[PDB]
Colleague: 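One structure coming up, written as structure tokens, with questions to follow.
Start at 1 and go down the list; that is how both ligands and their atoms are numbered. What's counted below: heavy atoms across the whole structure, side chains too, no hydrogens, waters or symmetry copies. Per chain, numbering begins at 1; letters A, B, ... match sequence-line order.
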Amino acid sequence: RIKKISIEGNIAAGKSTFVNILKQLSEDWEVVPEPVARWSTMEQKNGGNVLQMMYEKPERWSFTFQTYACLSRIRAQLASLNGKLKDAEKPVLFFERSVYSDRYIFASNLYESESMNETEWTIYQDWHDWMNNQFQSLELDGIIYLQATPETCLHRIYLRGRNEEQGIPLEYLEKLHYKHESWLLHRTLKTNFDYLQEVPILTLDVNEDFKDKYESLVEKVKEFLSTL
Amino acid sequence: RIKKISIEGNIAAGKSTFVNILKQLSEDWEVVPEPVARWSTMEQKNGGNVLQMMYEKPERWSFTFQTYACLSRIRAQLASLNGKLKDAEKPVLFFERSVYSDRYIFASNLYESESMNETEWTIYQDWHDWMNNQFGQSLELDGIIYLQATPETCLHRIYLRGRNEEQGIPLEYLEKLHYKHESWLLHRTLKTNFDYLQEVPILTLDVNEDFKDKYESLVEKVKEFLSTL
Ligand SMILES: CCCc1sc(-c2cccc(OCCNS(C)(=O)=O)c2)nc1CSc1nc(N)cc(N)n1
Ligand SMILES: CCCc1sc(-c2cccc(OCCNS(C)(=O)=O)c2)nc1CSc1nc(N)cc(N)n1
Ligand SMILES: O=c1ccn([C@@H]2O[C@H](COP(=O)(O)OP(=O)(O)O)[C@@H](O)[C@H]2O)c(=O)[nH]1
Ligand SMILES: O=c1ccn([C@@H]2O[C@H](COP(=O)(O)OP(=O)(O)O)[C@@H](O)[C@H]2O)c(=O)[nH]1
């Protein structure tokens, strides 16, 4: 009876910020943060290690990293359905990214950049396809695309304060942005989960700094939710 | 309601020879051969490849092969439990190994001979717990039948099994695989991430003496074992 809405958007688009803003604005409203952002305790010590290796050597470590990331996401999102919103009136949980951006943006990207050979890729896909066919549970009631140019998205990357991330190209973001535009806006991308061809989507221009001014976003957020 | 029985032992000790004989005695018994055995569908290509990839460079492919081998088992065992044995009156499902074979025999040996690194093995264990408890609950065993054999018999049998890419698969390896079965199934040193297993019955068969035409004492022991359940 909880509505599930994934917030999607290229690295540094403004998600962790928007999802936090939104948390403060209702008791029916809860977030699930991104675990690799938690990495970015048994899981922390492990994601901690693989993400570092992800950087140090990506073609050895990408499979291992995509599989754990997804496992941790699924684990974290299930923990949220229990821990919250048992009582509330119109409960909403805002997932920070989804199992679907795990496969069709990041892992895909890694494959296309040759960080996963075909066996790793078809093994991951099998792994992903089977696992999530077991579960309607985490299935998304809707999506909010938080759209931000790599121009915007590089301009935003600098500020955050993280030793591990400071080096990331722009061309990279143009693959993800492209991967993001094709799935969420241009709406072409094929997926093996059919309902992703018909889940309600909302695209919000997150270009302007929305930290000191966000009401307009939230209205469309609220107006979007009153339709699902 | 269906009984689930795991058949455990060393590479080419005869778990397929036994399992292949038990399925044919009774309408009510069926068999779930392990994933890996078949690897010597897209899971077939996936499996042959990851298998040869791992031979060359265990240190590179142990985590991958290992995670793939055990998802494929959880899947196969679940399908039989919810598919096969439709109206048997006394229903027994014999597994060719189990998801403890995978982890506490094969994953442990590979981690402990440095084909998996610390992070690889700790992720594996984390995934393994969770793959079983979301998806693998109704695979809980009612017993284990352990084909116990000395480490030497097996190499001979790999020459008999003909398998060329294990043509001279090392002796020393079989000997390693051999000491973890004892601890697990003979003494109970190897306590595990799994509560019910401590109090789970185990039938042990010394199968050094060849038996492919003389399996009736061994088959008598199983029927006795099944009744205490
Ligand atoms: C931004 C912190 C997490 C990292 S580190 C990283 C990375 C590290 C080293 C190399 C790399 O790119 C792989 C090679 N492609 S390339 C630059 O065209 O040669 C990516 N990608 C990522 C994003 S992949 C990802 N997958 C998920 N499933 C979830 C999630 N948040 N991120
Ligand atoms: C079909 C052959 C599968 C292979 S290949 C392989 C292998 C190949 C090359 C080197 C290698 O070295 C391991 C070294 N450990 S040692 C010599 O005992 O100290 C192992 N181990 C294995 C067994 S891994 C495994 N995991 C399972 N879960 C199930 C199963 N039947 N087998
Ligand atoms: O409109 C914005 C959005 C984000 N940030 C800052 O940029 C850094 C990273 O952005 P964010 O975490 O929003 O990106 P995400 O990874 O969440 O998309 C953080 O220190 C934010 O405070 C900002 O200054 N203005
Ligand atoms: O009592 C036996 C047990 C095994 N084998 C031979 O040992 C080889 C390997 O046995 P299997 O494939 O059953 O071993 P698993 O790995 O499944 O234990 C086969 O060629 C069998 O013919 C045999 O001749 N008599």
Side-chain angles (χ1 to χ4, degrees), chain A residues 7-21 33-34 37 40 96-97 146 148 152-153 155-157 159-162 165 206-212 214, chain B residues 7-21 33-40 47 50-52 54-59 61-62 65-70 72-73 96-103 105-107 109-115 147 149 153-154 156-163 165 170-175 177-180 207-208 210-211 213-215 218:
Chain A
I7 299 182
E8 298 304 331
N10 214 353
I11 296 185
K15 307 169 304 287
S16 195
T17 312
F18 192 63
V19 91
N20 263 11
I21 285 169
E34 183 169 281
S40 274
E96 198 217 318
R97 287 217 196 85
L146 290 189
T152 298
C153 281
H155 204 282
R156 245 172 229 161
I157 285 169
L159 319 114
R160 181 200 288 154
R162 277 184 208 162
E165 288 177 330
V206 287
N207 277 304
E208 307 161 298
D209 181 80
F210 60 86
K211 218 166 169 290
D212 263 67
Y214 59 74
Chain B
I7 299 310
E8 297 280 0
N10 215 328
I11 279 185
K15 305 179 291 301
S16 173
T17 276
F18 196 68
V19 126
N20 273 8
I21 278 155
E34 163 200 54
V36 169
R38 310 167 13 242
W39 298 349
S40 301
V50 82
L51 171 51
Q52 210 217 308
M54 150 135 191
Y55 277 129
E56 322 283 355
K57 221 188 166 211
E59 87 271 358
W61 301 110
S62 281
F65 180 108
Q66 282 311 313
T67 72
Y68 200 54
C70 170
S72 321
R73 193 204 293 290
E96 204 177 0
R97 301 199 159 114
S98 58
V99 287
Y100 322 118
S101 275
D102 284 340
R103 175 175 164 171
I105 297 284
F106 295 94
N109 178 260
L110 290 173
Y111 165 65
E112 273 147 37
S113 77
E114 288 143 47
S115 293
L147 316 166
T153 299
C154 302
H156 171 140
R157 283 171 191 175
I158 302 154
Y159 188 87
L160 285 188
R161 219 222 313 247
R163 275 175 204 166
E165 271 157 306
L171 183 53
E172 298 55 46
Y173 193 50
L174 307 192
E175 309 174 350
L177 298 162
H178 175 108
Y179 297 103
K180 269 162 187 308
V207 300
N208 294 307
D210 173 42
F211 67 85
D213 267 326
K214 204 145 86 38
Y215 55 73
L218 284 183

Colleague: Within the distance-only criterion (no hydrogens, no angle test), does the side chain of B:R163 pair as donor or acceptor with the backbone N or O of B:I158 below 3.5 angstrom?
Modeller: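 Such a contact is absent between B:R163 side chain and B:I158 backbone.
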Colleague: Can you find an N/O atom of B:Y55 closer than 3.5 Å to an N/O atom of ligand 2?
Modeller: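 Between B:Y55 and ligand 2 (N or O atoms, distance only) the closest approach is not under 3.5 Å.
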Colleague: Hey, is ligand 3 close enough to A:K15 that some N/O pair sits below 3.5 Å?
Modeller: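 Yes: some nitrogen or oxygen of A:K15 is under 3.5 Å from one in ligand 3.
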Colleague: Does CD belonging to B:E114 count more than 12 external heavy atoms closer than 6.0 Å?
Modeller: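 Atom CD in B:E114 is not packed in, count stays at 12 or less.
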Colleague: Polar-atom distance check: B:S115 versus ligand 2, any N or O pair below 3.5 Å?
Modeller: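 It does not: no N or O of B:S115 is found under 3.5 Å from an N or O of ligand 2.
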Colleague: Taking the side chain as every heavy atom from C-beta outward, state whether A:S40 and A:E165 have any pair of such atoms under 4.5 Å apart.
Modeller: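 A side-chain contact under 4.5 Å exists here.
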Colleague: Ignoring hydrogens, just give me the one of B:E34, B:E114, B:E112 whose non-hydrogen atom is nearest atom 29 (C) of ligand 2.
Modeller: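 The residue whose heavy atom sits nearest atom 29 (C) of ligand 2 is B:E34.
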Colleague: Which ligand 4 atoms, with their elements, are less than 4.0 angstrom from a heavy-atom of B:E96?
Modeller: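 Result: 17 (O).
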Colleague: What are the atoms of ligand 2, with element, lying closer than 4.0 Å to any heavy atom of B:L110?
Modeller: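 Answer, ordered by atom number: 13 (C).
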Colleague: B:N10: heavy atom below 4.0 Å from ligand 4, yes or no?
Modeller: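 B:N10 counts as a contact of ligand 4 under the 4.0 Å cut-off.
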Colleague: Give the single entry among B:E8, B:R157, B:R97 that approaches atom 7 (O) of ligand 4 most closely by any heavy atom.
Modeller: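 Minimum heavy-atom distance to atom 7 (O) of ligand 4 goes to B:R157.
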Colleague: Does any non-hydrogen side-chain atom of B:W61 lie less than 4.5 Å from one of B:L51?
Modeller: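 B:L51 vs B:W61: side chains apart.
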Colleague: Of B:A37, B:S113, B:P58, B:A69, which has the heavy atom at the shortest distance from atom 11 (C) of ligand 2?
Modeller: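 Minimum heavy-atom distance to atom 11 (C) of ligand 2 goes to B:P58.
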Colleague: Report yes if the side chains of B:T17 and B:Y215 come closer than 4.5 Å at any heavy-atom pair, otherwise no.
Modeller: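 No; the side chains remain at least 4.5 Å from each other.
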Colleague: Could you name the option among B:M54, B:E175, B:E59 that has the heavy atom nearest to atom 6 (C) of ligand 2?
Modeller: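 Among B:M54, B:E175, B:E59, the closest heavy atom to atom 6 (C) of ligand 2 comes from B:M54.
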Colleague: Does ligand 3 have any atom that is closer than 4.0 Å to a heavy atom of A:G9?
Modeller: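 No.
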Colleague: Any heavy atom of B:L177 sitting closer than 4.0 Å to ligand 2?
Modeller: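 In this structure, B:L177 fails to qualify as a contact of ligand 2 - no heavy atom is under 4.0 Å.
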Colleague: Please determine whether any non-hydrogen atom of B:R163 lies less than 4.0 Å from an atom of ligand 2.
Modeller: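 The answer is no, since B:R163 has no heavy atom less than 4.0 Å from ligand 2.
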Colleague: Taking only heavy atoms of A:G14 into account, list the atoms of ligand 3 that are under 4.0 Å away from them.
Modeller: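 With A:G14 as reference, the close atoms of ligand 3 come out as 13 (O), 14 (O), 15 (P), 17 (O), 18 (O).
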Colleague: Step by step, would you call B:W39 with B:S72 a side-chain contact (heavy atoms from CB on, under 4.5 Å)?
Modeller: CA-CA 11 Å; B:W39 298 349; B:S72 321; 3.8 Å; yes
Colleague: Do B:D102 and B:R97 have side-chain heavy atoms sitting under 4.5 Å apart?
Modeller: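 Sidechains of B:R97 and B:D102: no contact.
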Colleague: For A:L159, which part has a heavy atom under 4.0 Å from ligand 3: side chain, backbone, both, or neither?
Modeller: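 The answer is neither.
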Colleague: Would one find an N or O of B:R97, backbone or side chain, under 3.5 Å from an N or O of ligand 2?
Modeller: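 In this structure, B:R97 places an N or O atom under 3.5 Å from an N or O of ligand 2.
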Colleague: Check whether any side-chain heavy atom of B:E34 lies under 4.5 Å from a side-chain heavy atom of B:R73, and answer yes or no.
Modeller: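 With C-beta onward as the side chain, the pair touches.
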Colleague: Is the shortest side-chain N to carboxylate O distance from B:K15 to B:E96 below 4.0 Å?
Modeller: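 Between B:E96 and B:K15 there is no salt bridge, as every charged N stays at least 4.0 Å from the carboxylate O atoms.
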Colleague: Is there a side-chain contact (heavy atoms from CB on, under 4.5 Å) between A:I21 and A:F210? Walk through the geometry before answering.
Modeller: CA-CA 10 Å; A:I21 285 169; A:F210 60 86; 3.8 Å; yes
Colleague: Without swapping roles, check the side chain of B:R103 against the backbone of B:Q66 for a donor-acceptor pair under 3.5 Å.
Modeller: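 Checked: no pair found.
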Colleague: I need the atoms of ligand 3 closer than 4.0 Å to a non-hydrogen atom of A:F210, numbered in the order shown.
Modeller: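 Near A:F210, meaning under 4.0 Å from one of its heavy atoms, ligand 3 has 1 (O).
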Colleague: So, regarding B:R73 and ligand 2 (criterion: nitrogen or oxygen to nitrogen or oxygen, under 3.5 Å), is there a contact or not?
Modeller: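 There is no such contact.
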Colleague: Is it the case that ligand 2 has an N or O less than 3.5 angstrom from some N or O of B:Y173?
Modeller: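 Right, the criterion is met.
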Colleague: So which atom in A:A13 and which in A:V206 form the shortest heavy-atom distance, rounded to 0.1 Å?
Modeller: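 For A:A13 and A:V206, the tightest heavy-atom pair comes out as O-CG2, 3.2 Å.
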Colleague: As a check for students: among B:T17, B:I11, B:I7, identify the option with a heavy atom nearest to atom 22 (O) of ligand 4.
Modeller: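 That would be B:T17.
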Colleague: Among A:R162, A:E165, A:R160, which residue places a heavy atom closest to atom 15 (P) of ligand 3?
Modeller: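 Comparing heavy atoms across A:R162, A:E165, A:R160, the nearest one to atom 15 (P) of ligand 3 lies in A:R160.
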Colleague: Under 3.5 Å, N or O to N or O, is A:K211 touching ligand 3 that way?
Modeller: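 Between A:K211 and ligand 3 (N or O atoms, distance only) the closest approach is not under 3.5 Å.
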Colleague: If you apply the rule side-chain contact (heavy atoms from CB on, under 4.5 Å), what do you find for B:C70 with B:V99, and how did you get there?
Modeller: CA-CA 6 Å; B:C70 170; B:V99 287; 3.9 Å; yes
Colleague: Give the C-alpha distance, both sets of side-chain angles, the deciding distance and a yes or no for side-chain contact (heavy atoms from CB on, under 4.5 Å) between A:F18 and A:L146.
Modeller: CA-CA 9 Å; A:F18 192 63; A:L146 290 189; 3.9 Å; yes
Colleague: Any donor and acceptor pair, going by atom type alone, linking the side chain of B:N10 with main-chain N or O of B:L174 inside 3.5 Å?
Modeller: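 Yes, B:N10 side chain to B:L174 backbone: donor-acceptor pair under 3.5 Å.
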Colleague: Under 4.0 Å, heavy atoms only, figure out whether ligand 3 is touched by the backbone of A:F18, its side chain, both or neither.
Modeller: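 No part of A:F18 is near ligand 3 at this cut-off.
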Colleague: Which ligand 2 atoms, with their elements, are less than 4.0 angstrom from a heavy-atom of B:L51?
Modeller: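 Contacts of ligand 2 toward B:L51, numbered from 1: 1 (C), 2 (C), 3 (C).
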Colleague: Judging by distance only, is a nitrogen or oxygen of B:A12 under 3.5 angstrom from one on ligand 4?
Modeller: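 By distance alone, the answer is yes.
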Colleague: Closer than 4.0 Å to some heavy atom of B:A13 - which atoms of ligand 4 meet that?
Modeller: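 Near B:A13, meaning under 4.0 Å from one of its heavy atoms, ligand 4 has 14 (O), 18 (O).
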Colleague: Rounded to the nearest 0.5 Å, what's the gap from NE2 on B:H156 to SG on B:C154? Could you check?
Modeller: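 So the gap between those two atoms works out to 10.5 Å.
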Colleague: Please work out whether any backbone atom (N, CA, C, O) or any side-chain heavy atom from C-beta onward of B:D102 is under 4.0 Å from ligand 2, and answer side chain, backbone, both or neither.
Modeller: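 Both backbone and side chain.
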